[PDB]
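Single-structure report; data block below.
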Amino acid sequence: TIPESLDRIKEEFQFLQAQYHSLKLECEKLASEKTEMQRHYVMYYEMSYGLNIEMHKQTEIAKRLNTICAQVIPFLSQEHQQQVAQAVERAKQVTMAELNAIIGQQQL
Amino acid sequence: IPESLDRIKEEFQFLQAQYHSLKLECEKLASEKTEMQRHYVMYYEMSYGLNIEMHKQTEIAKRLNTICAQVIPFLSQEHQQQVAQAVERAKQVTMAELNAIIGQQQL
Amino acid sequence: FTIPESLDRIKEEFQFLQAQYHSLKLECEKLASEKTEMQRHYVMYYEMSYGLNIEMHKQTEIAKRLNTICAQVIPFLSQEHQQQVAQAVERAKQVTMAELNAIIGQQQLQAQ
Amino acid sequence: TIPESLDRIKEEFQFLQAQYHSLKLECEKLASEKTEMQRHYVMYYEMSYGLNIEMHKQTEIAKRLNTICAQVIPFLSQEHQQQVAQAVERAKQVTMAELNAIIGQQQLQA
């Protein structure tokens with residue numbers, strides 16, 4: 001009709017307007033979340049890089065030390081060689097037990 | 001009257017345009033946040049998985065130092081000199097070396 | 001934005017307009033009746049105007065004839081008497097408003 | 001439901017406009033006409049009155065004249081009475097032809 005159509009238009013307006021509102025807040029939350037996520041992302045990236053360097057360094061040092069020991073072993077007594085062989089053998093034996101054990105020692 | 005209906009129609013176009021644009025931008029934002037959440041997760045478990053190996057290598061290193069230091073006084077006086085210098089040579093890493101290894105590992 | 005203050009404007013103006021259309025319609029609808037009354041009264045008074053005209057001319061001519069008669073047959077009578085009749089004729093052709101009022105009042109109250 | 005309703009409003013508003021316009025027209029024309037009929041009504045009312053008066057006058061005069069003619073009838077000749085009675089009977093008798101004729105005369109006269 002005519003007086004019932006004019007109310008229909010305003011009703012539709014209030015509804016649509018509400019939609020734009022909720023959408024706006026919802027998108028604001030997306031700005032916040034995306035930003036925070038970005039911060040954390042870059043953070044753990046830098047972590048990955050910096051730790052990768054260290055890991056590589058320690059691997060290298062270890063390799064070197066093993067070279068020294070392996071090339072300095074024959075310059076020893078037989079009874080010694082028999083011992084340092086297994087000593088080196090277990091020095092390269094590292095388990096998650098010891099691992100997390102010293103992890104907590106590091107964090108505390 | 002007729003100059004007032006067009007206010008309704010035009011303002012409506014204005015509003016729906018706004019809502020449409022905001023919808024588009026918002027969907028783009030969902031895609032973005034989800035994508036960098038994926039990236040974040042990836043680099044998180046990167047951090048963890050690398051940290052494990054790092055501490056592992058550190059521990060191996062300390063142990064090796066222990067042996068090569070405790071089997072050093074059972075060594076020769078002219079030899080202990082060589083081995084000590086060698087130990088202090090091994091625990092010494094400059095950026096050039098690590099660079100040279102990084103390049104070597106990614107090909 | 002003033003979309004809600006604009007939406008009710010057209011409502012107000014609408015019912016305003018249709019109110020005017022209503023009032024105008026009843027006014028015109030009455031105007032038809034009044035007009036038909038004017039017309040009817042007109043045809044009545046026209047018809048009666050004509051019908052009365054015929055009678056007026058008739059009685060005019062009758063009176064004329066009768067005066068012609070009385071004057072023409074005036075000298076064919078007594079000498080002392082024609083001077084009386086000659087006066088009766090004068091007072092006859094003289095009609096006063098009082099007499100009129102009398103005749104009308106007689107004519108319309110015998111109509112009841 | 002929006003772009004199909006706005007045009008509906010505009011359309012029916014134009015409709016209403018047209019309606020009121022036609023009505024306004026008929027109203028004006030009815031004012032003019034009703035005045036035209038009221039005027040005629042007045043004119044022929046005044047005419048009715050003005051003719052009524054004169055008719056009544058003539059009828060009264062005729063009545064009196066008949067009275068006189070009846071009164072002096074016995075004072076005339078016995079041979080004449082039988083003529084003047086007939087004369088009066090002919091006078092108070094008007095046919096539509098005489099009406100027609102004299103109306104014609106009074107008209108083409110002035």
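In the structure tokens, each chain is lettered A, B, ... as it comes, each chain's residues begin at 1, and ligands are numbered from 1 in order of appearance.
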| message | Need to verify the contact set: region 94-104 of chain B, 10 Å, only C-alpha atoms, exclusion of same-chain residues closer than 4 positions in sequence. Can you return it as number ranges by chain? | response | A: 52-54, 56-57, 60
Kindly export the residues of the current selection with N, CA, C and O atoms, as a short mmCIF file (atom, residue, chain, number, x, y, z; two decimals), in the first residue's frame.
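File produced: result.cif:
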data_model
loop_
_atom_site.label_atom_id
_atom_site.label_comp_id
_atom_site.auth_asym_id
_atom_site.auth_seq_id
_atom_site.Cartn_x
_atom_site.Cartn_y
_atom_site.Cartn_z
N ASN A 52 68.63 -21.01 13.72
CA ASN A 52 69.26 -21.75 12.62
C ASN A 52 70.76 -21.49 12.56
O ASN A 52 71.56 -22.44 12.45
N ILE A 53 71.14 -20.22 12.66
CA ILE A 53 72.57 -19.86 12.70
C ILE A 53 73.31 -20.63 13.81
O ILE A 53 74.33 -21.28 13.56
N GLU A 54 72.77 -20.56 15.03
CA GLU A 54 73.37 -21.22 16.19
C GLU A 54 73.51 -22.73 15.98
O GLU A 54 74.59 -23.29 16.16
N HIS A 56 73.62 -24.39 13.24
CA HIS A 56 74.68 -24.62 12.26
C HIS A 56 76.08 -24.49 12.86
O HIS A 56 76.96 -25.32 12.61
N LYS A 57 76.29 -23.44 13.65
CA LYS A 57 77.56 -23.23 14.34
C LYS A 57 77.94 -24.43 15.21
O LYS A 57 79.02 -24.99 15.05
N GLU A 60 78.89 -27.42 13.36
CA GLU A 60 80.24 -27.25 12.83
C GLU A 60 81.33 -27.51 13.88
O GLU A 60 82.25 -28.30 13.64
#
Exercise for review: Could you list the residues in chain C lying within 7 Å of chain A, using only C-alpha atoms, and format the result as a VMD selection string?
Suggested key: chain C and resid 4 7 11
Compile the residues of chain D that lie within 12 Å of chain B, evaluated using only C-alpha atoms, and express the compilation as JSON, numbers by chain.
{"D": [1, 2, 3, 4, 5, 6, 7, 8, 9, 10, 11, 13, 14, 17]}
Residues from the last selection, N, CA, C and O atoms, saved as a PDB file, in the first residue's frame:
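Written output follows (selection.pdb):
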ATOM      1  N   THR D   1      13.557  -5.356  -1.180  1.00  0.00           N
ATOM      2  CA  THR D   1      12.576  -4.763  -2.080  1.00  0.00           C
ATOM      3  C   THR D   1      12.647  -3.237  -2.028  1.00  0.00           C
ATOM      4  O   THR D   1      12.009  -2.604  -1.186  1.00  0.00           O
ATOM      5  N   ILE D   2      13.430  -2.653  -2.933  1.00  0.00           N
ATOM      6  CA  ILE D   2      13.627  -1.201  -2.958  1.00  0.00           C
ATOM      7  C   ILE D   2      13.424  -0.528  -4.333  1.00  0.00           C
ATOM      8  O   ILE D   2      12.545   0.322  -4.469  1.00  0.00           O
ATOM      9  N   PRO D   3      14.214  -0.909  -5.360  1.00  0.00           N
ATOM     10  CA  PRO D   3      14.149  -0.107  -6.591  1.00  0.00           C
ATOM     11  C   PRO D   3      12.832  -0.265  -7.355  1.00  0.00           C
ATOM     12  O   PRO D   3      12.516   0.556  -8.221  1.00  0.00           O
ATOM     13  N   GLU D   4      12.076  -1.307  -7.028  1.00  0.00           N
ATOM     14  CA  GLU D   4      10.808  -1.572  -7.696  1.00  0.00           C
ATOM     15  C   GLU D   4       9.648  -0.922  -6.945  1.00  0.00           C
ATOM     16  O   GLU D   4       8.527  -0.868  -7.446  1.00  0.00           O
ATOM     17  N   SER D   5       9.927  -0.428  -5.742  1.00  0.00           N
ATOM     18  CA  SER D   5       8.906   0.212  -4.916  1.00  0.00           C
ATOM     19  C   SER D   5       8.932   1.733  -5.047  1.00  0.00           C
ATOM     20  O   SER D   5       7.886   2.383  -5.029  1.00  0.00           O
ATOM     21  N   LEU D   6      10.132   2.293  -5.174  1.00  0.00           N
ATOM     22  CA  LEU D   6      10.299   3.730  -5.368  1.00  0.00           C
ATOM     23  C   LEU D   6       9.545   4.185  -6.620  1.00  0.00           C
ATOM     24  O   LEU D   6       8.803   5.179  -6.595  1.00  0.00           O
ATOM     25  N   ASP D   7       9.725   3.436  -7.705  1.00  0.00           N
ATOM     26  CA  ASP D   7       9.043   3.715  -8.964  1.00  0.00           C
ATOM     27  C   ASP D   7       7.533   3.541  -8.838  1.00  0.00           C
ATOM     28  O   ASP D   7       6.765   4.224  -9.508  1.00  0.00           O
ATOM     29  N   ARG D   8       7.116   2.612  -7.986  1.00  0.00           N
ATOM     30  CA  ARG D   8       5.699   2.424  -7.695  1.00  0.00           C
ATOM     31  C   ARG D   8       5.130   3.686  -7.041  1.00  0.00           C
ATOM     32  O   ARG D   8       4.078   4.190  -7.445  1.00  0.00           O
ATOM     33  N   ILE D   9       5.852   4.204  -6.049  1.00  0.00           N
ATOM     34  CA  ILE D   9       5.479   5.446  -5.374  1.00  0.00           C
ATOM     35  C   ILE D   9       5.376   6.613  -6.356  1.00  0.00           C
ATOM     36  O   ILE D   9       4.375   7.335  -6.369  1.00  0.00           O
ATOM     37  N   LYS D  10       6.410   6.790  -7.176  1.00  0.00           N
ATOM     38  CA  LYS D  10       6.418   7.856  -8.178  1.00  0.00           C
ATOM     39  C   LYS D  10       5.224   7.741  -9.128  1.00  0.00           C
ATOM     40  O   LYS D  10       4.518   8.722  -9.398  1.00  0.00           O
ATOM     41  N   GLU D  11       5.005   6.524  -9.617  1.00  0.00           N
ATOM     42  CA  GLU D  11       3.928   6.223 -10.553  1.00  0.00           C
ATOM     43  C   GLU D  11       2.560   6.588  -9.981  1.00  0.00           C
ATOM     44  O   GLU D  11       1.815   7.376 -10.578  1.00  0.00           O
ATOM     45  N   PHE D  13       1.918   8.427  -7.504  1.00  0.00           N
ATOM     46  CA  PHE D  13       1.865   9.854  -7.195  1.00  0.00           C
ATOM     47  C   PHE D  13       1.454  10.642  -8.433  1.00  0.00           C
ATOM     48  O   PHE D  13       0.633  11.556  -8.344  1.00  0.00           O
ATOM     49  N   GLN D  14       2.034  10.290  -9.580  1.00  0.00           N
ATOM     50  CA  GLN D  14       1.632  10.900 -10.847  1.00  0.00           C
ATOM     51  C   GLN D  14       0.151  10.650 -11.117  1.00  0.00           C
ATOM     52  O   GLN D  14      -0.576  11.544 -11.571  1.00  0.00           O
ATOM     53  N   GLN D  17      -1.867  12.917  -8.884  1.00  0.00           N
ATOM     54  CA  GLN D  17      -1.756  14.245  -9.483  1.00  0.00           C
ATOM     55  C   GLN D  17      -2.773  14.438 -10.599  1.00  0.00           C
ATOM     56  O   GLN D  17      -3.569  15.381 -10.577  1.00  0.00           O
TER      57      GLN D  17
END
Using only C-alpha atoms, the best pick from D:22, D:52, D:32, D:83 as closest to chain C would be D:52
Against chain B, which residues of chain A fall within 6 Å? For each one I want the closest pair of atoms and the distance in Å (one decimal), counting only C-alpha atoms, rows by chain and increasing residue number, as JSON lines.
{"residue": "A:20", "atom": "CA", "partner": "B:19", "partner_atom": "CA", "distance": 5.8}
{"residue": "A:27", "atom": "CA", "partner": "B:26", "partner_atom": "CA", "distance": 5.7}
{"residue": "A:34", "atom": "CA", "partner": "B:33", "partner_atom": "CA", "distance": 4.5}
{"residue": "A:41", "atom": "CA", "partner": "B:40", "partner_atom": "CA", "distance": 4.1}
{"residue": "A:44", "atom": "CA", "partner": "B:43", "partner_atom": "CA", "distance": 5.6}
{"residue": "A:45", "atom": "CA", "partner": "B:43", "partner_atom": "CA", "distance": 5.4}
{"residue": "A:47", "atom": "CA", "partner": "B:47", "partner_atom": "CA", "distance": 6.0}
{"residue": "A:48", "atom": "CA", "partner": "B:47", "partner_atom": "CA", "distance": 4.6}
{"residue": "A:55", "atom": "CA", "partner": "B:54", "partner_atom": "CA", "distance": 4.2}
{"residue": "A:58", "atom": "CA", "partner": "B:57", "partner_atom": "CA", "distance": 5.5}
{"residue": "A:59", "atom": "CA", "partner": "B:57", "partner_atom": "CA", "distance": 5.6}
{"residue": "A:61", "atom": "CA", "partner": "B:90", "partner_atom": "CA", "distance": 5.5}
{"residue": "A:62", "atom": "CA", "partner": "B:61", "partner_atom": "CA", "distance": 5.1}
{"residue": "A:64", "atom": "CA", "partner": "B:90", "partner_atom": "CA", "distance": 5.7}
{"residue": "A:91", "atom": "CA", "partner": "B:63", "partner_atom": "CA", "distance": 5.4}
{"residue": "A:92", "atom": "CA", "partner": "B:60", "partner_atom": "CA", "distance": 5.5}
Print the selection's residues with N, CA and C atoms to a file, as a JSON list (two decimals), in the first residue's frame.
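The resulting file, again.json, is reproduced below:
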[["chain", "number", "residue", "atom", "x", "y", "z"],
["A", 20, "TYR", "N", 25.71, -3.16, 8.19],
["A", 20, "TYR", "CA", 26.94, -2.40, 7.99],
["A", 20, "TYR", "C", 27.70, -2.20, 9.30],
["A", 27, "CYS", "N", 35.13, -6.41, 11.07],
["A", 27, "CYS", "CA", 36.31, -6.12, 10.26],
["A", 27, "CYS", "C", 37.41, -5.45, 11.08],
["A", 34, "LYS", "N", 44.79, -9.67, 12.44],
["A", 34, "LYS", "CA", 45.79, -9.75, 11.38],
["A", 34, "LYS", "C", 47.10, -9.09, 11.80],
["A", 41, "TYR", "N", 54.17, -13.66, 13.79],
["A", 41, "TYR", "CA", 54.79, -14.27, 12.61],
["A", 41, "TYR", "C", 56.24, -13.83, 12.42],
["A", 44, "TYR", "N", 58.55, -15.12, 15.41],
["A", 44, "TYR", "CA", 58.99, -16.50, 15.30],
["A", 44, "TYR", "C", 59.84, -16.75, 14.05],
["A", 45, "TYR", "N", 59.70, -15.89, 13.05],
["A", 45, "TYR", "CA", 60.58, -15.96, 11.88],
["A", 45, "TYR", "C", 62.01, -15.63, 12.29],
["A", 47, "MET", "N", 63.17, -15.69, 15.18],
["A", 47, "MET", "CA", 63.57, -16.79, 16.04],
["A", 47, "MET", "C", 64.16, -17.93, 15.22],
["A", 48, "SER", "N", 63.44, -18.34, 14.18],
["A", 48, "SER", "CA", 63.88, -19.44, 13.32],
["A", 48, "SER", "C", 65.24, -19.16, 12.69],
["A", 55, "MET", "N", 72.41, -23.36, 15.62],
["A", 55, "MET", "CA", 72.38, -24.79, 15.29],
["A", 55, "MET", "C", 73.49, -25.17, 14.31],
["A", 58, "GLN", "N", 77.04, -24.82, 16.11],
["A", 58, "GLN", "CA", 77.29, -25.93, 17.02],
["A", 58, "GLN", "C", 77.54, -27.25, 16.27],
["A", 59, "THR", "N", 76.79, -27.47, 15.19],
["A", 59, "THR", "CA", 77.03, -28.63, 14.33],
["A", 59, "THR", "C", 78.46, -28.60, 13.79],
["A", 61, "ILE", "N", 81.22, -26.84, 15.02],
["A", 61, "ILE", "CA", 82.13, -27.06, 16.15],
["A", 61, "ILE", "C", 82.22, -28.55, 16.48],
["A", 62, "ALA", "N", 81.06, -29.20, 16.59],
["A", 62, "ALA", "CA", 81.00, -30.63, 16.89],
["A", 62, "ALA", "C", 81.77, -31.45, 15.86],
["A", 64, "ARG", "N", 84.16, -30.49, 13.87],
["A", 64, "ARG", "CA", 85.57, -30.20, 14.06],
["A", 64, "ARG", "C", 86.18, -31.00, 15.21],
["A", 91, "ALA", "N", 79.13, -39.65, 23.55],
["A", 91, "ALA", "CA", 79.05, -38.19, 23.53],
["A", 91, "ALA", "C", 78.08, -37.75, 22.44],
["A", 92, "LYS", "N", 77.99, -38.55, 21.38],
["A", 92, "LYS", "CA", 77.05, -38.28, 20.30],
["A", 92, "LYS", "C", 75.73, -39.01, 20.55]]
**Test item: chain D residues at most 7 Å from chain C, counting only C-alpha atoms, as a ChimeraX atom specification** = /D:20,27,30,34,37-38,40-41,44-45,47-48,51-52,54-55,57-59,61-62,64-65,76,91-92,99
